[PDB]
Amino acid sequence: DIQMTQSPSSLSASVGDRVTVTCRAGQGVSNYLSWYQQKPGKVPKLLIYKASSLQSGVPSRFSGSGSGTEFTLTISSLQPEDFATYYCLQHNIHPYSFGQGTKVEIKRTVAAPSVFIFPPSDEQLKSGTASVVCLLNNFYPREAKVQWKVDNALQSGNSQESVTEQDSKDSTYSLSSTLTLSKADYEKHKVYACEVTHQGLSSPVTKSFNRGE
Amino acid sequence: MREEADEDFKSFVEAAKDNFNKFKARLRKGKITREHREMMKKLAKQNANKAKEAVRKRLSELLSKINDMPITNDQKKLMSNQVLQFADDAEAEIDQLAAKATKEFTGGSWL
Amino acid sequence: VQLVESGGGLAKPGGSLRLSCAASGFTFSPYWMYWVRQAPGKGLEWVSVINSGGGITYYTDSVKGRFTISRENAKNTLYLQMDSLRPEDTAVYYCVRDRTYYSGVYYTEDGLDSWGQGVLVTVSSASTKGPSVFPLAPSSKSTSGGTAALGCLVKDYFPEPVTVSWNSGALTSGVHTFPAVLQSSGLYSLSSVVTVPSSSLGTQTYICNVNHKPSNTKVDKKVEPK
C-alpha cells in the first residue's frame, strides 16, 4: 500500500477563512486522490474524488487540486458546519490508503458558559455512592477550569470531566464534571459548590446547593 | 498481456471469413428473382450478427479480467479502451464480410 | 443503494467474530470491496480488500492470517471472518464499495463512495454489565425559570456504547450527550443533558431513553423538578 502523509494533524480557523489541507503520496498516484469529511460519530462522506471532481450535492466552497504526489484540499470560506476531520485517500491502486486526518476547529467569539449543578438522586444514594454533576453549557473557547468545593474545602482526585465535540452551528463546547463521593462522606457535609473559571467570565462563577433543601 | 485480446478478436474475424466463404459458395447461382436476393442478404446479416455476439461476449470477459487485475486504475481505463477498439474493428470487418458476400455484379447471381 | 452490516460487538481476547455486509440496490458483483476500521478517537485505515469474486485479497500488516475476507456475488454479501482477536482490534468496522469499473464505452472511478453504518468490535476480557440510570433534576427553582437544565446519569456499564435520546427522539435541540468516561472500576459512565424553557417544566414531560444493547438494558427515565 502507498503511504499517504497528510498535514497538519489539526488546525483552527475562523468562519469565512480559507483553509488548506495538504496530502502527500509515497508513490505517484496521478489524478486519483479523494477527500473525505467525517463529523463526530458519523460515516465518512466523500467530498471530492479524482482530486478535482466534486461529488453530487457537495457545496461549491470545497475544491481540490494537485497531481502526482502533492495534493491540496481547499475550503474557500469556512462555515460553522465544516467542523470535522478530513482524510485524503488515494484510489489509484488497490489497496486504497488513507492519510492521518486533519481535525478542523472553528474560531469564534468568546462565549461564557452557563453553569448548572445537580445533587445526587435519592435513588442513587440507596446504593451507597453519591455523584454530584456540574454542567458548563455552550462556551468558547474550549479551555475551562472546574473546582469542586465541599463546605468550601477544595476537592482533588475525586472528579472526572468530559467535553462535547464542537457544536455544528454555534461552534461552542459543553462540559460535565462529576464529583464521586461515598454516601457516608456525602451525608456528613452540607454545601456542595462548583466553581468555574473561563475567559468569558469576569470572575469565577459558583453554583452550589445545600444537602438539605 | 493484451496480445491475447488482439488475437482473440482476430480469431473471430478469420472464422467469419471462412464461414462467409462457404456461405457464398452455397448461394443459388444464376438468374435470381429479387425477393430471393434479399433473402440471401438477411441470412448474411443473421450470420454476421451471430459472429458479432461472440465478439461482444469475449469483450465482456476481458473487461472483467482487466478490472480485476492488480494494476493502476489509469491502466484499467486505457486497456479497456484498446480492447474495445479491437472488438469494434472486429465487428466492422465482420459487417464488411457480410456485405461483400452478396455483392452485385460478381459471377454468382444477377438480375 | 445501501450496505448493512451485522455481527461484531464484545469478544474476549483470542476469540472469534465475523462481520456480514449485505448489499442491495446496485450491482455488487463487479466492484472491489473494502473493510475499513476506525479505533475510538483515531483515524481511518483500510484492513482488507477483495475483487469481483476473485482470488486477490489484501490485508494490512496488523491482521495477516487472523482475518479472512470472504465474498460471494449471488446473495450480494461481503464477509470478514475475524479470528485471534486482540485488544487493538477494538474499532468501528465499515464495509465500503469501490465504485470503479471500466467498460470502454463507459466508466466510473468515484472510489470508496458507499459505506455501511458501521459496527463496533470490542475486544476485552471484562464482563458485560448493564448501567443504572439516575435523573439530573432541574434546579427548583430558577428565579423565573429562565432556561433550566435537566438530564440523566448513565452510570456503571460495560462495554461501549450506550445511546441516549430525549422524548423518543422528538427533543434534539439543546441536547448534549457527553462522551463516556472510564472510571477507575473499569466501568463506563456518561451524562446526557438538555436545556429547555422552564415555563415548560409544568406543561411538558421529559424522558431520557437509554439503550445499552450489549446488556439488553432499556430505560425510559422521566426527569421531574423538585
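Bear in mind these aren't lab numbers, they're just calculated from the coordinates by the rules spelled out. Reconstructed Cβ throughout: ideal geometry from the backbone, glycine too, with neighbour counts over all protein chains shown.
In the stretch A:24-45, the qualifying residues are those that are away from chain C (no Cβ under 11 Å) and not in a loop (DSSP other than H, G, I, E, B), and the one that is surrounded by the most Cβ atoms within 10 Å (Cβ to Cβ) is A:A25.
None of C:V105, C:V49 is under 30 Å from B:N81 (Cβ atoms), within 14 Å of chain B (Cβ to nearest Cβ) and not in a strand (DSSP E or B) except C:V105.
If only residues of the stretch B:49-68 that are more than 14 Å from chain C (Cβ to nearest Cβ) and in contact with a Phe, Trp or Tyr (Cβ under 8 Å, 6 or more places away or on another chain) are counted, the one that is nearest to B:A16 (Cα to Cα) is B:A51.
Just so you know, in the stretch A:118-137 the residues that are without any contact (Cβ under 8 Å) to a residue 40 or more places away in the chain and touching a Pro at 6+ places or on another chain (Cβ under 7 Å) include one that is farthest from A:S162 (Cα to Cα), and it is A:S121.
For B:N49, indicate whether it is surrounded by fewer than 16 Cβ atoms within 10 Å (Cβ to Cβ) and within 11 Å of the chain's Cα centre (by Cα). In short, yes.
Check whether at least one residue in the stretch B:40-55 is part of a loop (DSSP other than H, G, I, E, B) and of a type outside the set (A, V, I, L, M, F, W, C), and report yes or no. Within the stretch B:40-55, none of the residues are part of a loop (DSSP other than H, G, I, E, B) and of a type outside the set (A, V, I, L, M, F, W, C).
One residue alone among A:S114, A:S203, A:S182, A:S162 is touching a residue at least 12 places away in the same chain (Cβ under 8 Å), more than 10 Å from chain C (Cβ to nearest Cβ) and either of a type in the set (D, E, K, R) or more than 30 Å from A:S67 (Cβ to Cβ) (or both), and that residue is A:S182. Once the stretch A:46-64 is narrowed to residues that are in a strand (DSSP E or B) and out of contact with any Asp or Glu (no Cβ under 7 Å at 6 or more places or on another chain), the residue that is nearest to the other protein chains (Cβ to nearest Cβ) is A:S53. Listed by first and then second residue, the pairs with beta-carbon distance under 9 Å, at least 6 apart or on different chains, first residue in the stretch B:88-111 and surrounded by 12 or more Cβ atoms within 10 Å (Cβ to Cβ), second of a type in the set (D, E), are B:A90/B:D8; B:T102/B:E38; B:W110/B:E104. Pairs are defined by a Cβ separation below 9 Å, a sequence spacing of at least 6 or placement on different chains, a first member in the stretch C:116-132 that is within 14 Å of chain A (Cβ to nearest Cβ) and surrounded by fewer than 20 Cβ atoms within 10 Å (Cβ to Cβ), and a second member that is of a type in the set (D, E) and assigned to a loop (DSSP other than H, G, I, E, B); the pairs so defined are C:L120/C:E160. Determine whether C:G145 is out of contact with any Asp or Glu (no Cβ under 8 Å at 6 or more places or on another chain), at positive phi and crowded, with 18+ Cβ neighbours inside 10 Å. Judged against the criteria, C:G145 is a match.
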